[PDB]
Amino acid sequence: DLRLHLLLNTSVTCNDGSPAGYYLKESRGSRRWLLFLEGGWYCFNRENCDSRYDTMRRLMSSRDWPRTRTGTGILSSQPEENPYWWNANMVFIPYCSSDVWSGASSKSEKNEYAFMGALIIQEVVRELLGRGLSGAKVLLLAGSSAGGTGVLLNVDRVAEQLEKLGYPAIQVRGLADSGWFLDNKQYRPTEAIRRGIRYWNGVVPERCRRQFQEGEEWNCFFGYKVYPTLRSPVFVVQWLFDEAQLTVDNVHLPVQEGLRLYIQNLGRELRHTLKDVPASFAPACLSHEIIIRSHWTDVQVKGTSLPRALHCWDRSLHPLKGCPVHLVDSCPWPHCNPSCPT
Ligand SMILES: N#CC[NH+]1CCN(c2cccc(Cl)c2)CC1
Ligand SMILES: *[C@@H]1O[C@H](CO)[C@@H](O)[C@H](O)[C@H]1NC(C)=O
């Protein structure tokens, strides 16, 4: 059980003006800290955000949040369930800004909603320093889906915040799960991101913004375009046949030749984009998200599990014999890897 703390700075808020927050479970014998960003889509205009507020309100407000949460997967404290980091300080940051963790805009007489994702992450980091994060050796910023994209947008800002605050010994790293998407041609969109950025006052990393320049910041929401501009170490987890990617592409699974070629091409392209990503884990499966699932230990690429690959990554940041860090399936069809989830 991680326990809820609402932010002491009550001007950093969820969409509806209620305070944002985090769930925390400390481990005082550990110098490692895991901060996990929740996912859950986004909204990009007034009518679309009003709809979300009727039927997905916990992703827009803290008024109904529970006081405790169970840590699962990489957030579990049991060695059995979490071989990687079971003894770490665990933090779950709920997603209540609907902005892919990019916003920096307050509710005002001209804004029905607040979009403060990027500022929520900064304020959580600040308040944690008073509860032991000041003694950390490693800060792993992780997240799934919208939270995985949020890792890519925010990991370098957290590193800079800690440097400027006077904590140069904390090593900031990222773990992006199921947030690596392709702006490809559909089988039968990009405009939503572009409109959302203006709606949220969204912020992207500086080096990426300088490359694409004004009006084209939407490009930095795509992993293969923003990742080359990042300085902090980032481990990328991505199913080759991600279900959210296929939903966007209007693919719904007796497959004929046109769809067969389409699906095979998608795998090859995702595969191409990871070839110069040295820390990555990409199985040939139809699925979505993994790192906080209870059975996240089951899947293997080339005989190596995801918890093992992350441990090998830790060792590399101190090639390693028998302990690989770059793991990408080569077979070209969903579930050609026998360890895919069923
Ligand atoms: N966050 C989130 C949930 N969805 C993830 C997939 N998204 C996606 C995938 C491929 C192309 C484009 Cl334009 C968008 C939409 C949002
Ligand atoms: C609270 O957060 C807001 C938004 O980031 C900021 O303007 C303000 O300085 C913060 N207040 C304090 C006391 O840190």
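Scope of this entry: the structure provided in the associated data block.

A few words now on the site of ligand 1. Taken together, the residues surrounding ligand 1 are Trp41, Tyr42, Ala146, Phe181, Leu182, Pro189, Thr190, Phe222, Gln245 and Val248. Contact with the protein chains covers 89% of the free accessible surface of ligand 1, which is 420 Å². Of the residues contributing to the shell around ligand 1, the split by class is eight nonpolar, two polar and no charged.

So, about the environment of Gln245. Along the polypeptide, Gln245 turns up in helix α7 (residues 243-248). Residues contacting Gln245, with those up to four places away along its chain left out, are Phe181, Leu182, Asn184 and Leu266. At 2.9 Å, the side chain of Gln245 forms a polar contact with the backbone nitrogen of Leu182.

With 13 residues, helix α2 (residues 117-129) extends 19 Å from end C-alpha to end C-alpha; this agrees with the ideal 18 Å at 1.5 Å per step. Judged by how many residues are buried, α2 sits mostly within the fold: 11 of 13 residues are covered. By the burial criterion, the buried members of α2 are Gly117, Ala118, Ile120, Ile121, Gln122, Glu123, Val124, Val125, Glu127, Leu128 and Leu129. Next to the buried residues of α2 lie β2 (21-25), β3 (32-37), β5 (89-93) and α3 (146-165).

Cut-offs used in this document
- Keep in mind that residues are numbered from 1 along each chain as the sequence reads, not by the entry's scheme, and that residues without coordinates are left out.
- Think of it this way: whatever chain is written first is A, whatever ligand is written first is 1, and the rest follow in order.
- With hydrogens and water set aside, each side-chain value is computed from the structure's full complement of heavy atoms.
- Residues with missing side-chain atoms are left out of burial classes, side-chain pairs and their counts.
- Nearness is defined per residue: one heavy atom within 4 Å of the molecule or strand is enough.
- Using the Shrake-Rupley algorithm and a 1.4 Å probe, accessible areas are obtained, with residue cover drawn only from the displayed protein chains.
- Under the grouping applied here, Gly and all other residues not named as nonpolar or charged are polar, the nonpolar ones being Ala, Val, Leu, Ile, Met, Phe, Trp, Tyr, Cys and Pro and the charged ones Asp, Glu, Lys and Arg.
- Each helix is a run of H or I in the DSSP string that is no shorter than four residues. Each strand is a run of E no shorter than two, and both are numbered from the N terminus.
- Residues are treated as being in contact if the distance between any of their heavy atoms lies within 4.5 Å.
- In the analysis that follows, any N or O atom pair within 3.5 Å is treated as a polar contact, provided that within protein one partner can donate a hydrogen and the other can accept it, and provided that, for residues neighboring in sequence, both atoms belong to side chains.
- In a helix, the anticipated span is given by 1.5 Å times the number of residues less one.
- Accessible area is worked out with a 1.4 Å probe on protein chains only. A residue is then buried under 20% of its type maximum, exposed over 50%, and partly exposed in between.

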